[PDB]
Amino acid sequence: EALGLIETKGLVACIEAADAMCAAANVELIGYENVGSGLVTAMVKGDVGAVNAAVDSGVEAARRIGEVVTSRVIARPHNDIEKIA
Amino acid sequence: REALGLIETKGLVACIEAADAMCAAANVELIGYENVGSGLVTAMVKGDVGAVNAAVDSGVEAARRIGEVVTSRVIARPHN
Amino acid sequence: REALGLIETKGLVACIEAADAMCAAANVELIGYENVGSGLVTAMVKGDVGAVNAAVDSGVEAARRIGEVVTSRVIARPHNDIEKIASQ
Amino acid sequence: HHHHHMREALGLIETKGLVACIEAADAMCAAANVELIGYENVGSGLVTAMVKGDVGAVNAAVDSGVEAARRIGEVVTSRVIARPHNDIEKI
Amino acid sequence: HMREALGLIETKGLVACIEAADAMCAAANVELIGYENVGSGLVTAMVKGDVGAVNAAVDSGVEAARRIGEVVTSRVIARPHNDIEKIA
Amino acid sequence: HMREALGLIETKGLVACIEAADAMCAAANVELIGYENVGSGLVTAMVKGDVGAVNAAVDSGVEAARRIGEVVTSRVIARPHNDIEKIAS
């Protein structure tokens, strides 16, 4: 199960990124994470082919609304790398 | 789920103004606010896509007079 | 229904001064404070529109001597729950 | 909608960073018979020390607290409110 | 003091930190303790294991995170003192 | 007044604060109270002990943290007043 991540400057661009990821491919929204400085990350789960398509589409949609700081697809993520606590 | 209206501002007072103007302009329901730090605050609204579009346009106009609107968006069919 | 008074400052001390001056200037009730990060603090008051306008004008005047007032606003007819800064 | 005055003065010191605020609070407590209410943080590194007590003691505490914090950090603002209204300290 | 080494990578942004933690885990036998966020976008990934494995994991994690975002600082503490990793 | 000195090192970033706390513990017989984070990357490491041990620990901790990151401020309070270290509540 690949992990898809999109980090934006501001929440509204992140909500748009998460919505566009869910509409583009069969991915599951894990949730959002905020680390301060306006940085918010949307995290998705699914097959590597679906995650790559979802992230590519999510970045394109978020760039029209706000600023995308970074994006990433981790094909084989290690245990608990998505659990930030 | 019905349409989702979002207005993000730099400062809380501009966000409260945006939420008040969104409610006064159309038949929308205020879901609440979301704050992500660094002064960023988002007002969220629910309703028919036509009402949400009118509410966000009027909320952005009112918040721009008071403070800085960072971004705004209407998502017609949110996946939630 | 009653009016909502808001004063946002950069720094807490200027906001506490604004809230104290609002309470001394008019028969308004201090709802509380809200902080959104980046030093942005908002003092919120409720009361009759005339009292709220006088309280905010005085709160802004007093806070400007101590620190920086970013923005101020009086909403005469605020909609329900617009002062509750939470997800719900 | 009727705020009353509280029986004791309130002193405030806002510094850029926590260590300068802890120094300010310690110097306020050592300079006069004041009670530390606590600390409040509003972001951007702005930390506030709040004390209560007689106006004379509060003034002496805030003046001394500002002097001590300025040696190890930056004091952004300070203020003494002699007859503070009830709930202005509840943040 | 303690037997297992501590590996730390601090980045500006969460995605670069997740990449650093993933690369650390893939490069050597290091267990991911977790993440720590102190505001201003600063996120830290923490690992533990043998000093040789931790040095290889941090070097690889920094290299991978630099391609994605900004690495603010990195460190391997060979003999960390007790409770140094517990942020209260 | 507390029966022991308070040592404080505030850094910009957690990693330089962890380094400062580790160097403080290695330099003298001090006890790490814990960390306090106030946002904007500001992290403070707090230590307890005799004033001589605390002064040595803070000087060493500042030197080690300056190699890794940015030290915003440092302080040793020889006779700290009650509850000045309690940031929460």
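In the text below, chain A, chain B and the rest are named by the order of the sequence lines, each starting its count at 1. Note that these values count all heavy atoms, side chains included, but never hydrogens, waters or copies made by symmetry.
Counting all heavy atoms, side chain and backbone alike, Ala24(D) lies closest to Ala69(D) at CB-CB, 3.8 Å. Nearest heavy-atom pair across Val60(C) and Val69(C) is O-CG2, 3.9 Å. For the residue pair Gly47(B) and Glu2(B), the shortest heavy atom distance occurs at O-CB, 3.4 Å. Counting all heavy atoms, side chain and backbone alike, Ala9(D) lies closest to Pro84(D) at CA-CD, 4.0 Å. The shortest non-hydrogen separation linking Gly13(E) to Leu39(A) is CA-CD1, 3.8 Å.
Atom CD in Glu8(D) sits 9.0 Å away from atom CE in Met6(D) (nearest 0.5 Å). Rounded to the nearest 0.5 Å, atoms CD1 (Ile13(D)) and CD (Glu67(D)) are 11.0 Å apart. Here the straight-line distance linking atom CG of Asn86(D) with atom SG of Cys23(C) works out to 7.5 Å at 0.5 Å rounding. Taking NE2 of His3(D) as the start and NE2 of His5(D) as the end, the distance is 12.0 Å to the nearest 0.5 Å. Once rounded to the nearest 0.5 Å, the distance linking CG of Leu6(F) with CE of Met46(F) reads 7.5 Å. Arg64(C) contributes atom CZ, which lies 9.0 Å from atom OG of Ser72(C) (distance to the nearest 0.5 angstrom).
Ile75(C) is listed as a side-chain neighbour of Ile16(B), based on a closest heavy-atom distance under 4.5 Å. Residues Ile31(B) and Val45(B) form no side-chain contact, since every pair of their non-hydrogen atoms from C-beta on lies 4.5 Å or further apart.
For residues 13-25 of chain D, every residue pair satisfying the side chain to side chain donor-acceptor pair (under 3.5 Å) rule, not counting sequence neighbours, is listed here: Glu14(D)-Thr48(D), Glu23(D)-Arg75(F).
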- Could you go step by step and tell me if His2(D) and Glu29(C) meet the side chain to side chain donor-acceptor pair (under 3.5 Å) rule? CA-CA 7 Å; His2(D) 304 294; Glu29(C) 177 189 345; over 6 Å; no

- Applying side chain to side chain contact (heavy atoms under 4.5 Å, CB included), run through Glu85(F) and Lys48(F) and close with a yes or a no. CA-CA 10 Å; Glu85(F) 80 290 342; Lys48(F) 250 196 303 175; over 6 Å; no

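One N or O on the side chain of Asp20(C) and one on the backbone of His85(D) form a donor-acceptor pair closer than 3.5 Å. Side chain of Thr73(F) to main chain of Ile72(D): a donor-acceptor pair is present (N/O by atom type, distance under 3.5 Å, no hydrogens or angles). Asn41(D) places a side-chain N or O within 3.5 Å of a backbone atom of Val38(F) that can act as its donor or acceptor partner.
Taking the salt bridge (charged side-chain N to carboxylate O under 4.0 Å, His left out) definition, one finds that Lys86(E) meets it with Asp83(E), sequence neighbours left out. Not a single salt bridge (charged side-chain N to carboxylate O under 4.0 Å, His left out) links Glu70(F) to another residue, sequence neighbours left out. In this structure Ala45(F) satisfies the side chain to side chain contact (heavy atoms under 4.5 Å, CB included) test together with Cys17(F), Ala21(F), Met24(F), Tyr35(F), sequence neighbours excluded. When the side chain to side chain donor-acceptor pair (under 3.5 Å) test is applied to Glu34(B), the partners found at least two apart in sequence or on another chain are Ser87(C).
Atom CG of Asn27(C) has more than 12 heavy atoms from other residues, nucleotides or ligands within 6.0 Å.
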Indicate every side-chain donor-acceptor pair of residues 49-59 of chain C with a distance under 3.5 Å to a residue at least two apart or in another chain.
| unit_1 | atom_1 | unit_2 | atom_2 | d |
| --- | --- | --- | --- | --- |
| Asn53(C) | ND2 | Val49(C) | O | 3.0 |

